[PDB]
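A.B. asks: Take this structure first; my questions come after.
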Amino acid sequence: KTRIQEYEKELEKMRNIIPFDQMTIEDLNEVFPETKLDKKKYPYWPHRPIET
Amino acid sequence: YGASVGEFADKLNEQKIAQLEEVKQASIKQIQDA
């Protein structure tokens with residue numbers, strides 16, 4: 001039941017977000033931490049590896 | 001060529017939002033499945 005509760009929490013948190021047409025890189029930074037270009041390994045531009 | 005230059009911007013932006021929105025539409029059903 002606790003896992004279920006966490007899963008709903010995630011579900012509504014994911015369902016309730018602004019249309020992308022107004023969103024910003026920051027929005028995807030918070031909602032999806034997977035888009036954060038870790039400066040702890042890639043400081044210099046483009047952060048994302050050049051070999052990709 | 002100036003009259004056929006918004007198509008590249010379309011492919012740059014519409015698909016950029018398309019991959020995000022398909023990820024969202026899949027993620028909602030993924031949480032549903034869980």
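Within each chain, counting starts at residue 1; across the structure tokens, chains are named A, B, ... in the order shown, with ligands numbered 1 upward in that order.
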To test your reading of the structure, identify every residue in chain A that backbone DSSP assigns to alpha helix (DSSP H), and report it as a list in words.
C.D. replies: residues 2, 3, 4, 5, 6, 7, 8, 9, 10, 11, 12, 13, 14, 15, 25, 26, 27, 28, 29, 30 and 31 of chain A
A.B. asks: Go through chain A residue by residue and, counting only C-alpha atoms, keep those with an atom at most 9 Å from chain B; for each kept residue give the shortest atom pair and its distance in Å to one decimal, ordered by chain and increasing number, as JSON lines.
C.D. replies:
{"residue": "A:4", "atom": "CA", "partner": "B:34", "partner_atom": "CA", "distance": 8.6}
{"residue": "A:7", "atom": "CA", "partner": "B:31", "partner_atom": "CA", "distance": 6.9}
{"residue": "A:8", "atom": "CA", "partner": "B:31", "partner_atom": "CA", "distance": 8.1}
{"residue": "A:10", "atom": "CA", "partner": "B:31", "partner_atom": "CA", "distance": 7.9}
{"residue": "A:11", "atom": "CA", "partner": "B:31", "partner_atom": "CA", "distance": 6.2}
{"residue": "A:14", "atom": "CA", "partner": "B:28", "partner_atom": "CA", "distance": 7.3}
{"residue": "A:15", "atom": "CA", "partner": "B:28", "partner_atom": "CA", "distance": 7.0}
{"residue": "A:20", "atom": "CA", "partner": "B:17", "partner_atom": "CA", "distance": 6.9}
{"residue": "A:21", "atom": "CA", "partner": "B:17", "partner_atom": "CA", "distance": 8.0}
A.B. asks: To one decimal place, how far is CA of residue 33 in chain A from CA of residue 12 in chain B in Å?
C.D. replies: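 Distance reported for this atom pair: 22.8 Å.
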A.B. asks: Which residues come within 12 Å of residue 26 in chain A, counting only C-alpha atoms, excluding same-chain residues fewer than 4 positions away, as a ChimeraX atom specification?
C.D. replies: /A:20,22,30-33,35-37
A.B. asks: One number please: CA of residue 19 in chain B to CA of residue 39 in chain A, in Å, one decimal.
C.D. replies: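 Rounded to one decimal, the two atoms are 24.4 Å apart.
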A.B. asks: Please, what distance in Å, to one decimal, runs between CA of residue 26 in chain B and CA of residue 24 in chain A?
C.D. replies: 20.9 Å
